[PDB]
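Let's start with one chain on its own, the form deposited in one PDB entry, as structure tokens.
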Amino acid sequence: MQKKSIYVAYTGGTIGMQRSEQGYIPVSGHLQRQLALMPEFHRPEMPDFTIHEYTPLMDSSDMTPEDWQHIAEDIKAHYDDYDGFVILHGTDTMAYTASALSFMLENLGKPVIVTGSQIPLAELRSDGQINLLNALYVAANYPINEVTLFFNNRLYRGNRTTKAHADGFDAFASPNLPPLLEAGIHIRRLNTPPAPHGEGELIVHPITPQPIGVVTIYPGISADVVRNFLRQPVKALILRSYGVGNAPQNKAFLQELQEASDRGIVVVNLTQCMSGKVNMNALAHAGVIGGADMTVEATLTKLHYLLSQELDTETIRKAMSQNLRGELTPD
């Protein structure tokens, strides 16, 4: 009967750009005007859709948590009026936004698909045409009530993604979890277990910028350098350590970590490996919390989320190791 309706927020990215002598430039309303002339987007199988183009568009490499907040407020404001949501985003920080939204939205009961493209919709052979058409179709026909990220013909759990390549071509990966859905000839919903969720109405949590350090451990890293990473105003520190979560055993380094936790800093340990989980023991005794197999993006946004709420340090430390939105694999 009456078609489903999808809300499309064009927050930024190359999709709506137009050809000029100076090259491709953002042109207000160009995305909307083009879609009006493409019959494939108006077929009976396709949902109705409304585009809200951001003014001005966001350059994803210059985004901040204030922008994540603005996007969530947009979703909240239009939630009861649409059946799903598609967030068009620049690729550079798309995974960060998708991860942050997954924590900010609690008890989500409609699909929120973050996507984008390397090539503008206007170009003959455009991934923008493919990604937007599929995102709209999947949001309407194969709804999954999570914040997802669609790219390279796969629908990933948002807080499990990372931009894996950018030089010459854009590619995203979900290193520690299979996709939730594959969009090939035939759309296939995979048997990937759904994310945890409560049974009430949607809750949209606020988020604000937070002073977090994200650093990589290397042979001989000095306590003096680590001390700097932990100075005010730092509230949390994400350490990327070796293999399953190993680090140098020298006392000076470990004492800087212990003293930081003593004064309320949340220290979390992630692996330097491309995939796999941290299996925590010397760091553990210094107050460091294991981040299991969370991506850097999920860990960084999860900390922003927890620190932005009215929560004490020990509750934050406990929450960081719990699977709140499908971002980590429990032991």
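Only the largest set of C-alpha atoms that superpose within 1.5 Å between the two forms is called the rigid core. We number the residues from 1 along the sequence you see.
- Missing coordinates between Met280 and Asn281 amount to 4 to 9 residues of the deposited sequence.
- Looking at 14-22 and 305-313 together, the entry lists the larger mean B-factor for 14-22, computed on C-alpha atoms.
- Of the two segments, 113-121 and 190-198, the one listed with the higher mean B-factor is 190-198 (C-alpha atoms only).
- In the deposited coordinates, the residue among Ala98, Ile71, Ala252, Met104 with the greatest CA B-factor is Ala252.
- Each of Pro178, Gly168, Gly84, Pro211 has a CA temperature factor in the record; the biggest one is found at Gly168.
- Per the PDB record, residue ranking by Cα B-factor puts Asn246 in the highest third of the chain.
- Sort the chain's modelled residues by C-alpha temperature factor and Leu270 lands in the lowest third, per the entry.
- In the deposited entry, the Cα temperature factor of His30 sits in the middle third of values across the chain's modelled residues.
- Among the modelled residues of the chain, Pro219 sits in the lowest third by CA temperature factor in this PDB entry.
- Annotation for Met294: CA B-factor lies in the lowest third of the chain's modelled residues.
Not on display, but discussed next: the form deposited in another entry.
- A 2 Å or larger CA shift between the shown form and the other one, after fitting on the rigid core, occurs at just one of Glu106, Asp170, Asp92, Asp74, namely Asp170.
- For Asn134, a C-alpha deviation below 2 angstroms is recorded between the shown form and the other one after rigid-core alignment.
- With a cut-off of 2 Å and the rigid core superposed, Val214 has a Cα displacement that falls short of the cut-off between the shown form and the other one.
- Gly116: CA moves less than 2 Å between the shown form and the other one after rigid-core fitting.
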